[PDB]
Structure formats: structure tokens, C-alpha cells
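Consider the single chain below, provided in C-alpha cells and representing the form deposited in one PDB entry.
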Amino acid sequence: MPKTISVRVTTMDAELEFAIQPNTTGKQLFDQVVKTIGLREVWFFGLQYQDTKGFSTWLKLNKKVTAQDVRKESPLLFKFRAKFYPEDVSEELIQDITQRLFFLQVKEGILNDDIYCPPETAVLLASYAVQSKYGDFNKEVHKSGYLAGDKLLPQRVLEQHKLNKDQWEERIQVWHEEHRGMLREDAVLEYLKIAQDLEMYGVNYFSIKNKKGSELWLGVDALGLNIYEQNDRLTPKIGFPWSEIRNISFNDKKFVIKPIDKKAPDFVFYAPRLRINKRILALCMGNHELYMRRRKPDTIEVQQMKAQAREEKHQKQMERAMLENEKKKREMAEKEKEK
């Protein structure tokens, strides 16, 4: 009934605009986004929207965009986000663009308190964010207040300590100075290597109840399912890795986890609505497929990207060593000039 279907897609660092047709599929829109930004490791990603009832939802790529209850507005608003997380960033985020998108999203969740982080880890993470953004600490340029314009720490860390912004800056600067010589893209990777070991990293939590009506959390992540106490989302009460699951299923509100081990009982929980159980199961199927895929041989495409990454890295290392050595040749000629 509108004459246009204008669409905005916001990534962690760009705003894109499209204009689609009534029969445009999720996959078609998704493919236009990733082509625009130059992303190839697309498997981790999704397009998230707000439905007409205000719930964050993933666009289904196998359905028409207009058939999915996207909040009606001009333009339609999507967030391009990592939906699935690797088991190890160093092994599995091959390309620098992939690493940057993950870094920006994870850092958002740390800073907004979504992903719990202890204070000392938050300062260490902030130091790598700073090395990436500023490069090497340089006492001629980075004076007191060089970080004053930056959101660097989780709100919980700021609120629960007594330090002022200057004291926080000095703690982060100590670490910043330790990173001198570290390439910006390497500091991004070091950030992610720390963040991926946080207890809440890469976990989707769903509110559930047991048969007695006690509130619990279900987590879904790369490695399987977990049951948590209502009041602790850090440490699972019961873990259900893939290797221990025989079947997961649902029937309206009831979700059943059937174990491989014949001695162990079924785990049953209840969601508020069928739609939630469908969301859980879809996320479990996506995760388990990626789990299996990373244990099978690399596709030809993945091999290509890995060989391109090795060659580009090898080349940049060589050019960097050449420039350092030329700088020494210059500094030598500047000082044997004076004689």
C-alpha cells in the first residue's frame, strides 16, 4: 500500500540505505548488505528488527521481508549484528573486517553492562580499545585528559568505585603504554581474546520456569544449552553440551531436553509462549550446525580467505621492517651529516 519499501540497515560503524520490492526475501536484502560492506564471513551474522509488539527479532532469510511483522515505518529499521559466535576468535575470524565488527559489538555489550566484566578486566580491555583507536602512546601528544572524550568503562565499574575520570584515565594509560609497538588490528584481536572468555560472552538468555514454577534462565551458546539460577547468569546450574543431548523438542509451552545418558532424567522447562520455544530451538539448530561445520574440513572459500590472510600479513610485516630500517638509514645520515 505504501509506494516504497525504504530500508535502513545500521552496522556497528555504517548506515546503509536500500529500497526493496514486495517479494524481496531476507536473503536478498542480507546479500545486498554484505556486498555493500565487503563482508565474506557472513555465516555469523543476522539482521535484527523490532516487531510490531516491540520485541527484538531476527529477520528470517528464507521469507519475504514484508511478511515478517517488521515495525511499519519509513524506512524499515534493521541492525546488522553478529548472531553466532565462534569458539575461538583467533582461529575463526579470518578477516580484519570480521574482527572489527565483532570487536565493536562486543565492546558495546561490555560498556552497556549487558556482558558482565570485572573491573580489572574492564581496564585491560579499555587499554586495547585505546591502542586500537589512538595507536602507540606518545607523551608529546597524549597529555592528561587525552581519554576524557571517551566512553571506556562499564557503568557498573564507574558507579561501584570512587575514582574520578582522571584516576580511571591514569590506570588505562599504564596499560596503554605497555602496548607500544602493537598494531591496531592486533589490539582488536587481543580485546576479543580477553572478552571471549567472559562468562556471559556469546550467551542468549531466555526466561523460563521449572515444573514447580521456579524462575530460571536458559542460555543458548556455541557449545550447547545451560540452566542458570534466576539470580546468577555467570555459572550454569546444569550444562547440556551438544555431546550430551540426544534430542531437544517442544510442545506449546513445554520444552524437553533428552540426554544421551540413560541414567540421567529428561530436563523439562516451560516458556511463557510457544513463540519463545520456537526461538530457542531455531537458535540451538543454528549453533549446532556451526559447531558441526567447524569440525568438518574447510570449504574452498575458507581456505582461500586463510591463504589470503597469511599472505597479506606476511607482506605487511615485510613492509614494516623495510620502513623501520629506512628510518634508521635516515637518522644515521642526519647525524653523519653534521660531520
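Note that residue numbering follows the sequence shown and begins at 1. Whichever C-alpha set is largest while still superposing within 1.5 Å between the two forms counts as the rigid core.
What follows is about the form deposited in another entry, which we do not show.
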{"query": "Option from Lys35, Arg310, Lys63, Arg293 moving between the shown form and the other one, CA shift at or above 2 Å, rigid core reference", "finding": "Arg310"}
{"query": "Rigid core superposition, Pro118 Cα moves 2 angstroms or more between the shown form and the other one", "finding": "no"}
{"query": "Threshold 2 Å Cα movement between the shown form and the other one at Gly239, rigid core reference", "finding": "no"}
{"query": "Threshold 2 Å Cα movement between the shown form and the other one for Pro259, core superposed", "finding": "yes"}
